[PDB]
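Here's the structure, in structure tokens; my notes come after.
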Protein chains: 2
Amino acid sequence: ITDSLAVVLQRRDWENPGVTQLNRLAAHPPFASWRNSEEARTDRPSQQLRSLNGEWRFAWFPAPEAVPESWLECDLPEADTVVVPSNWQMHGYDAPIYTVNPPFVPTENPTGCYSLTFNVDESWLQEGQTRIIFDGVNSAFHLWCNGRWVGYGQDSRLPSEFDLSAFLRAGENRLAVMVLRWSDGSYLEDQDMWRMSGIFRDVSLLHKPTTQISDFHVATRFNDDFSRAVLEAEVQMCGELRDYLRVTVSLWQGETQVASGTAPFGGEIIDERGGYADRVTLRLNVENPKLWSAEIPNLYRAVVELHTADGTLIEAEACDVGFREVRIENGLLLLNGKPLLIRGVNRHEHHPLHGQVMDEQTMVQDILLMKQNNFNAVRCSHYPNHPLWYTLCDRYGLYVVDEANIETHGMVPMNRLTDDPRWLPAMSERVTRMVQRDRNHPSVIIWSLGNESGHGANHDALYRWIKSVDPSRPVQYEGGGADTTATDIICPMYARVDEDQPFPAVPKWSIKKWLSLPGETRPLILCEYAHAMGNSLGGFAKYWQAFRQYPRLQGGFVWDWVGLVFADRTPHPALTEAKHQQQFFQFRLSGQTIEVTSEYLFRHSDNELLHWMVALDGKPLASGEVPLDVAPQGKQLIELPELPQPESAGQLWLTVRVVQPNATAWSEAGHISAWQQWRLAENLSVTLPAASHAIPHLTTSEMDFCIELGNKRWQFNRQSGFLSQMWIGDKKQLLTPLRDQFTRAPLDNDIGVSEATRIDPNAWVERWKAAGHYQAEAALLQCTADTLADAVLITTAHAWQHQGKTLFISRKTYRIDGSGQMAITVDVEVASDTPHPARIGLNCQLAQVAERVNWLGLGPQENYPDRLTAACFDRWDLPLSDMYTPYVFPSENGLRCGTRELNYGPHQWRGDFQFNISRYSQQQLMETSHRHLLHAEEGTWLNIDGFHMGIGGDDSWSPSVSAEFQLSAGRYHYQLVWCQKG
Amino acid sequence: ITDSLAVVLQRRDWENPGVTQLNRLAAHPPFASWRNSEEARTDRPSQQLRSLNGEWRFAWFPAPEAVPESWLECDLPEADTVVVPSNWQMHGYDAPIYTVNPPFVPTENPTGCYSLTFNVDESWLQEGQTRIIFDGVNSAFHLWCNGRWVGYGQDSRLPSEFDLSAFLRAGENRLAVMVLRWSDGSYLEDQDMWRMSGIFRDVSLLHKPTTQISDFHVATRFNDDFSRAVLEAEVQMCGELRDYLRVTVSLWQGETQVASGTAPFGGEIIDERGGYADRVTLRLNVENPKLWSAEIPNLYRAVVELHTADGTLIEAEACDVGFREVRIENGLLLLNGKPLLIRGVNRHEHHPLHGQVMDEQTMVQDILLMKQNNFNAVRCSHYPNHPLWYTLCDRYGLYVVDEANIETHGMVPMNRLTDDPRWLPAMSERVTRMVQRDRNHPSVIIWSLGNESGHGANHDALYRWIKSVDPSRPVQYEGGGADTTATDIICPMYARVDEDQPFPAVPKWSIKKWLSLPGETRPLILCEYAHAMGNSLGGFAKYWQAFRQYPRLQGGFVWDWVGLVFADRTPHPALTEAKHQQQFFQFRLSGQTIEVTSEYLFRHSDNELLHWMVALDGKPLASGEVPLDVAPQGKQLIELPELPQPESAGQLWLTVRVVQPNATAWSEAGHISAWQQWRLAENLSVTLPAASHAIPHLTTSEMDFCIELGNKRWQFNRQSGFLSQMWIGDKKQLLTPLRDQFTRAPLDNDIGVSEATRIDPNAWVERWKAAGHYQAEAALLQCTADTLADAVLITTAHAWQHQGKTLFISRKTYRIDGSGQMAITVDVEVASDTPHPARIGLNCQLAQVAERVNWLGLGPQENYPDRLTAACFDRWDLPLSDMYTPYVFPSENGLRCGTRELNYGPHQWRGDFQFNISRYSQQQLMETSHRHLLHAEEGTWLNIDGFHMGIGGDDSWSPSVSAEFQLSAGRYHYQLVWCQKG
């Protein structure tokens with residue numbers, strides 16, 4: 001018959017771009033088919049919407065033709081049981097893939113055969129229409145019901161609905177879904193993530209009446225000052241048209257109705273032939289509406305009731321309504337008349353352990369974490385999301401960019417399909433069905449045409465379709481240079497603040513220059529910036545300085561939320577930097593006055609308290625709390641009381657922080673939302689050290705210099721020229737000699753795309769390797785020891801040469817005084833023609849392992865020269881475990897900058913340096929592929945650097961360390977004092 | 001198997017809007033696959049392009065499921081033989097139709113099964129790709145080759161091509177085409193004509209090499225003054241890419257090459273991923289190019305050769321190239337920098353006797369007739385035309401509007417499908433494949449999105465697609481009010497010159513007012529105006545007065561070329577009016593000076609001669625010829641010699657005409673292209689008639705008045721009050737008494753859409769019938785006879801009453817003098833509340849039938865008060881057959897206006913009147929449905945009117961007779977003199 005696999009699979013609908021669906025129902029906003037207005041208003045579960053999620057039978061096959069014909073009737077004997085909302089690659093069937101014939105797919109196409117046996121109540125079959133909704137099926141699938149072919153579908157990221165009324169029998173039924181891994185639709189979903197396949201979203205049964213609401217959308221119009229609003233709702237019905245049918249739309253704020261409207265069907269005159277008989281538009285007037293924003297997500301409940309003129313209800317639908325206006329005026333993106341500043345992040349749908357299956361708890365966890373880190377916007381990264389995601393963004397407050405599932409970055413012209421009219425029907429379905437589904441969500445403020453697909457005529461056609469259908473939202477699209485005619489917003493990927501990248505035919509201008517190009521009037525919001533891969537996000541403060549200064553630079557979306565957090569949602573150190581740069585309160589210090597400027601556009605600071613503190617080298621001296629009363633975009637001047645003026649040496653530090661005393665929906669009581677630190681006044685130390693009576697004693701041999709003072713003793717290797725050992729009592733303190741270090745375990749930004757096959761000569765790590773920085777051998781030039789009147793002077797000079805070329809010269813002085821202290825002064829010369837070294841400092845392996853690391857310096861978290869703004873100067877005490885950052889691919893990590901004193905066990909290091917301390921050496925971090933293969937070493941590895949190169953972050957494939965953070969001075973000096981507990 | 005009818009027809013692809021084709025090749029410009037550059041240059045026939053037109057086997061079936069499975073293998077025994085380029089309704093299978101479930105079609109779907117057995121040479125199968133091209137198949141079809149299913153297609157008006165390489169066997173082959181009458185595509189082709197179905201266009205086989213030219217298009221760029229041009233050709237290839245492949249584009253003017261370019265494959269960098277490896281763009285520089293226009297169609301020959309680097313040719317393609325620029329600047333449509341004035345006409349593809357099958361001879365005949373009537377543009381009425389049509393328009397010179405095959409006027413909202421995104425894929429295919437086929441034709445200057453489909457978002461999306469793909473042509477679309485965002489040109493249908501028609505949501509403003517609406521800057525060109533149905537085209541001069549005066553009124557397209565001509569291409573009388581109003585020479589008379597203004601934009605009057613003539617009441621007095629030397633848009637002042645000044649009574653008339661002494665490609669030597677007439681000087685007649693010695697003798701009875709003079713004698717019925725009989729000798733002259741006439745056989749404009757079921761009360765004929773004008777009975781009020789000193793005076797007064805209401809009163813005076821003459825003075829009163837009568841005059845049936853009709857008056861052709869500008873005053877002699885216009889639906893016809901003297905047999909009528917003379921009475925014309933049922937009556941029916949109502953023409957469904965041409969004065973006077981040959 002024609003329901004058999006041989007007939008159904010003969011036309012190869014998954015290799016035809018002209019066939020994207022068969023017998024699929026129209027797209028629409030979510031429906032629950034409530035038979036009670038009160039249940040619809042309160043969003044209670046509907047008995048007409050039944051979930052088929054649960055245990056299904058599954059069978060895997062190498063190709064679609066390998067599926068036996070008997071599968072259509074009975075479950076296979078070897079078929080196992082799975083939970084249907086899952087990806088079958090997570091169950092170990094074929095290898096998951098993270099990574100051409102444009103219409104055709106390989107013949108070896110893995111096929112997943114799902115089947116479910118379920119019961120249907122006879123009430124559903126007597127009357128009304130029963131449909132099945134597949135929220136997401138990766139690639140393409142064929143559907144059977146009781147052995148009869150139903151339909152076909154593609155576009156994995158949007159729901160596919162089929163009418164099952166003629167197929168369901170009273171009693172037991174069986175569904176058979178044949179999911180294919182690859183189809184012609186895979187060419188439009190060719191992005192960079194775990195590919196995965198299966199029924200990765202919800203499957204449900206919906207029962208609608210014979211006469212039903214088929215579609216509805218709402219529009220909000222406002223007067224000049226937003227004091228009056230009109231809510232227009234257009235309702236479309238399907239089925240038999242009767243003169244006694246009525247539609248009522250009611251607006252509810254909580255439990256009080258604020259507007260209502262009723263009308264029979266029959267719309268306004270459209271054109272010569274007339275108007276829609278099956279449509280009605282209701283206009284509802286709202287006085288002083290509560291506006292929706294990310295700061296204050298005021299939501300109403302709109303209930304759409306289809307009922308008879310007498311008063312009997314047929315069906316009820318409901319949605320949340322937010323009152324807001326989004327438009328671009330004079331080159332600025334305005335929300336409710338105010339210029340938005342986007343604190344955005346890109347977010348893929350990635351479950352911590354279930355792959356691509358999203359659930360409510362993970363979504364709420366993600367939203368809370370974003371808002372607690374001062375994010376106000378999220379970009380739906382390259383496909384429409386789970387329907388519940390948009391509902392949660394309405395309720396908590398998050399601007400959402402909704403993106404069509406179009407991505408063809410693998411094409412060699414990259415517009416080969418988007419400039420081909422034969423692929424226009426395929427791409428139009430992906431754009432139109434997204435708009436039809438999500439147009440009612442207030443959180444969605446921008447439409448996105450897709451990602452990395454070049455620029456073709458299809459983009460222009462689909463851009464104009466959205467503008468015609470929904471003029472209430474701007475349309476953005478990166479592709480073809482991010483400033484084509486198919487975008488209302490210049491949305492470059494990884495454009496830099498000041499440096500231009502003039503690629504042929506698609507230049508990446510600096511964002512400041514991009515704005516002022518001749519004829520350019522649009523606002524600029526970066527769809528992707530600040531690549532957070534590994535130890536990254538250096539120079540993040542540069543972007544937000546530019547965002548504040550330039551009105552038409554209206555923010556951007558940080559790439560990869562999850563990323564800024566690990567898979568278990570543990571935060572990266574760079575998340576703190578993003579939170580600080582994205583604060584809604586800016587601070588200015590002038591004498592004893594603190595000026596607080598609010599960056600909120602709508603809300604008043606009614607849950608805000610300012611706590612200020614003055615400390616001297618980590619010792620608190622005074623503190624106070626002042627309530628915050630700042631209007632949106634206003635300023636509050638706060639006069640500090642008479643601050644302490646200690647006569648002890650040290651630097652005075654003033655720290656302010658904004659604390660929320662009350663808990664919100666997204667934060668708990670005591671939440672810190674903003675902070676800032678300043679230097680107040682420094683008293684330079686002029687006091688001399690105590691006149692120690694003792695003198696260190698120097699012994700000289702042919703192999704070493706030995707300095708002895710009491711129980712302490714130092715040993716310098718005369719052949720190597722480095723301090724080899726130190727003894728307190730009879731206990732050795734070192735396992736590895738203290739030597740100069742000029743390299744670091746390469747970061748992901750240092751490596752770039754330089755694989756072992758496609759080498760990248762411009763990468764930092766390749767230049768360091770070609771210059772011999774990792775292979776340079778130290779050579780001793782001179783080593784002398786002299787006894788002073790109160791100390792012992794050790795002078796050494798080393799040269800680091802690679803293949804007959806001196807790369808670095810280090811001249812070091814060791815001064816061991818009678819008090820036990822050890823002063824180390826280092827002077828380093830770097831050749832100008834060699835690439836700038838990653839660091840200039842010392843390293844050693846301490847024999848002792850200790851539990852706590854105490855230091856007076858910047859930040860509790862790891863920080864780097866270009867990622868230290870969020871860090872604060874104070875006295876920090878952390879366990880040694882927290883001094884190591886567990887990046888997936890091991891690299892240099894755990895650095896703390898601006899440190900004046902470091903304590904570890906009995907050792908104290910004083911000066912002006914950066915340090916990282918851990919159990920893994922830089923050598924081991926360089927050679928270990930994954931962090932689970934890292935093993936702790938015998939002692940503790942300490943890296944103390946006078947100077948350290950910045951980290952990248954503008955992108956991960958090209959060098960992005962700014963010139964002011966490169967070690968290009970040529971000559972460097974730093975001093976260190978090493979003392980003990982005495 | 002799956003090639004069987006049961007499997008193929010099971011999915012019902014013709015009821016699915018998402019399936020418009022299966023296995024169809026991409027659209028492209030016409031290809032011949034020449035294997036020789038010289039043959040391509042000279043457009044010789046190619047042996048690689050083989051025509052399958054000829055004798056096929058045909059079988060008709062009521063439904064697709066009625067076709068037996070055996071048809072796929074062998075020809076049916078009862079199948080007859082037909083010529084394949086035909087419509088099967090023309091062979092009498094199902095009734096042709098001239099005149100909803102939006103996706104579904106009726107189950108009774110007539111099916112035409114075509115089959116052909118043909119031979120294939122082995123040379124085609126050993127190497128290369130063999131394809132079959134179906135230029136047009138109405139609705140949808142399935143294709144089989146040797147019993148194997150090939151593909152499916154829709155969009156009747158564009159070619160469908162399929163690859164047959166894997167299906168053809170060496171030797172004899174069989175093709176089976178299953179043509180369905182209705183499909184889902186019929187909803188987009190729901191226009192108003194003979195529906196018809198079958199393979200109505202050419203079927204051919206094309207053989208291309210393994211590596212072939214897959215697509216190419218040319219673009220012309222110009223400097224400011226068009227003295228320098230660049231010809232850019234982008235060539236795309238299909239197949240295996242080799243480094244030794246080359247593409248050469250050469251430009252030829254006649255037999256001399258003027259430009260050439262060669263390059264290997266590999267285009268310019270498009271975006272980040274690179275450029276097209278299978279594309280190459282060649283730039284050719286042309287100095288002082290010969291520009292293309294409708295006036296001077298200068299054509300070049302571009303030859304595209306695909307060849308090896310050594311020099312061996314693989315394949316050659318060619319096309320004609322015209323150098324012209326079309327753009328809209330400051331609200332004006334410019335061609336080569338000059339504002340166009342469109343003398344356009346709508347043209348359907350209608351063969352004189354083969355229905356919808358077009359052949360070259362009919363196309364050339366149509367083009368010649370258009371250009372000979374001063375038309376310069378043609379609108380492809382609602383679908384793409386035969387490919388040869390566009391080639392002929394390039395060569396002869398005609399601006400072409402190419403229209404996509406989208407027409408949904410039957411939808412109740414009329415945008416129900418064009419606002420539905422589910423129908424966007426269907427409509428996009430109809431637009432994109434037309435542009436891909438015809439974008440290289442210079443004659444095509446405007447794209448049209450379709451006809452009468454409302455305005456939806458799909459229109460906006462498809463409008464922007466064309467602008468992106470081909471920015472060299474404007475895009476126009478009537479629908480949604482003719483001024484939406486989906487059109488670059490305001491293109492109303494049947495908008496009036498001065499009167500506004502404010503329909504709800506789609507007003508039809510007057511064209512003068514439409515231009516000056518707030519915010520309106522676009523030019524206005526009427527896509528449809530001056531409905532030529534029946535006796536029509538009244539007020540045509542009003543449109544062309546407005547076209548000349550207003551710069552942004554740039555012409556329009558007259559509806560229905562064929563229409564302006566009959567099916568046999570016999571011209572209508574209204575065609576002369578169109579030719580005169582569309583003249584390219586305008587004339588002004590000032591004293592003895594004629595000012596001639598040229599309306600040509602590019603050409604000089606180098607084939608023009610002005611012949612002037614002065615006549616006195618049709619008697620020539622002087623004549624002369626002056627050569628024309630007028631620059632484009634210039635003026636030539638022509639001083640006439642001393643004109644004759646006759647002292648005889650009468651009016652002097654000056655007639656000028658432009659004659660082309662040399663034959664052109666579209667006209668023969670002696671062609672008249674323009675003319676104009678003026679009144680020069682009138683000498684009023686003051687001489688008295690000769691003093692006749694005789695006196696007519698009056699006899700009075702109770703039944704009649706009898707006047708006798710010599711052999712002549714008149715008889716007046718005293719009961720009726722009308723002249724009943726006149727005798728010359730003993731021969732009666734009348735069969736019907738001379739009576740007042742106030743009605744005419746209703747024109748098509750008089751009837752409107754007033755059917756016997758849906759009555760239209762506003763129609764002119766319905767108001768006349770409701771007022772009783774056709775049923776009014778004359779009542780005699782008074783009738784007296786008096787003998788004068790030299791004449792006999794007869795006075796009558798009649799009243800025409802209908803249901804106790806006097807409609808008209810006629811007071812008539814008869815003065816029979818002694819010379820034999822009969823002076824008739826008529827005074828008529830018309831009630832102000834009754835609708836204005838169609839005419840005011842007399843009628844009678846003369847007993848004599850004569851061969852020639854001689855009159856001194858306006859025009860040789862029939863003319864009416866608002867369609868008389870093209871007519872000329874002179875002495876005309878025509879046979880009685882030419883005095884009748886054979887309209888398909890009989891109506892009032894044959895009127896000649898401005899007549900001072902009419903001669904028919906021995907009778908002469910003098911005065912100032914209009915007349916029509918024929919063998920059919922107005923009563924018979926009103927009751928006869930079709931002209932083939934008209935039968936001549938016993939004598940000759942003469943209608944002499946002092947006054948006559950104008951004819952409509954702005955549209956055919958609403959009253960369109962202007963107020964200045966209605967008979968609204970209330971009181972009317974006219975005089976007539978009736979004499980004989982004595």
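Residue positions begin at 1 at the first shown residue.
Technique stated in the header: electron microscopy, 2.2 Å.
Note that Cβ sites are derived from N, Cα and C of the backbone, with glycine treated the same way.
Per Swiss-Prot, these features apply:
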SITE      B:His348  site 'Transition state stabilizer'
SITE      B:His382  site 'Transition state stabilizer'
BINDING   B:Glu407, B:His409, B:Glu452  Mg(2+) 1 binding site
ACT_SITE  B:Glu452  active site, proton donor
ACT_SITE  B:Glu528  active site, nucleophile
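Taking CA atoms as the reference points, B:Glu407 (Mg(2+) 1 binding site) and B:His382 (site 'Transition state stabilizer') are 7 Å apart. When the Cα atoms are compared, B:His409 (Mg(2+) 1 binding site) and B:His382 (site 'Transition state stabilizer') turn out to be 12 Å apart. Taking a C-beta cut-off of under 8 Å and a sequence gap of six or more, B:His382 (site 'Transition state stabilizer') has these contacts in its own chain: B:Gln191, B:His348, B:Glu403, B:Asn405, B:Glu407, B:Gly450, B:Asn451. Calculated from their C-alpha atoms, the gap between B:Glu452 (Mg(2+) 1 binding site) and the residue listed as 'active site, nucleophile' amounts to 12 Å. Apart from B:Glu407, B:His409, B:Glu452, the residues listed for Mg(2+) 1, the same chain places the Cβ atoms of B:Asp190, B:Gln191, B:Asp192, B:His382, B:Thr408, B:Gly410, B:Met414, B:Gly450, B:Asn451, B:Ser453 within 8 Å of the centroid of those Cβ atoms. For the recorded site, B:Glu452 (Mg(2+) 1 binding site), the DSSP three-state label reads coil. According to DSSP, B:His409 (Mg(2+) 1 binding site) sits in a coil region rather than a helix or strand. Sequence-distant neighbours of the residue listed as 'active site, nucleophile' (same chain, 6+ apart, CB under 8 A from its CB) are B:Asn346, B:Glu478, B:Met493, B:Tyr494, B:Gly556, B:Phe557, B:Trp559. Its own atom aside, the Cβ of B:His409 (Mg(2+) 1 binding site) has 16 Cβ atoms within 10 angstroms in the protein chains shown. A simple way to gauge crowding: the CB of B:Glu452 (Mg(2+) 1 binding site) has 22 other CB atoms within 10 angstroms, across all the protein chains here. For B:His348 (site 'Transition state stabilizer'), other Cβ atoms within 10 Å of its Cβ number 17. For B:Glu407 (Mg(2+) 1 binding site), the Cβ neighbour count at a 10 Å cut-off comes to 20, with all displayed protein chains included.
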